[PDB]
């Protein structure tokens, strides 16, 4: 179970909890940075930490708004994996200053785990959300810090489970709204799989100073293909609506915060096809060609459960 000491900053977040679990499962010494908080006011969180120290994670008590707790937690580790929320994507500049000041960190993974922000054709407000991450990448690069940018694409438990439908928690059995032509390919990855491939890249030299894509073969399809795989399984036809790009942009302009960020990320992904409309260059590498050994849940597998 390899050897390196990993620090998770933002362990209780949506993808952070899966990256933390797999850190423990491929057997590393896992450190979790935790800010002092009132636990009744932050219940599910306290309970998630409870279960991480029960699994064996080593809690460091800190904040990225405390350089002294950051430099300390960073001295202590080999790779730093940030999985913070959108509210503090820009505050990762603190983790960089501390990573710079310490010198002992072998690899920094910033909070990415979605689209590759240097290869999107996004419209506002999504265009600005992505530009905050891109700017942290240029700051990691300016410091000379060793990095891996994980571009894990679409969370299966959000987008696949909903069949890319804005409100849902289960695949619709009546109707779907397909944005654009429905032929842009997307890739969906189960969150627990995102956590495993991320932890497998930590010490590998093929992922040093690379963007790691998760372009998983069995998991790459268009919404047309996904609706058709599910009409088959549920053995009935869904009523469909087709929304062109122009009608999606009007929707974005006429929706307030935060739902306009949702619809604009969905234009980048489902209309523009931003997860699959560019080639992995010299500075990129793919997780299935790099770790062919990992068995990931396919879209057919994840969908058969909801049938």
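Positions refer to the first chain, counted from 1.
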**Request:** Compare the mean C-alpha B-factor of 127-135 with that of 143-151 as given in the PDB entry, and name the stretch with the higher value.
**Result:** 143-151
**Asked** When the C-alpha temperature factors are averaged for each of 237-245 and 53-61, which stretch ends up with the higher value in the entry?
**Response** 53-61
**Complete:** Top Cα B-factor in this entry, restricted to 103, 182, 114, 157, sits on 103
**Item:** Top Cα B factor in the deposited entry, candidates 266, 42, 275, 260
**Value:** 42
**Request:** For residue 225, return the chain-relative third of its C-alpha B-factor as stated in the PDB record: lowest, middle or highest.
**Result:** lowest
**Complete:** residue 76: CA B-factor among chain residues, third -> highest
**Request:** Please place residue 296 in the lowest, middle or highest third of its chain by C-alpha B factor as given in the entry.
**Result:** middle
**Prompt:** residue 174's Cα B-factor: lowest, middle or highest third of the chain?
**Reply:** highest
**Request:** Would you mind ranking residue 32 by its C-alpha B-factor against the rest of the chain and naming the third, lowest, middle or highest?
**Result:** highest
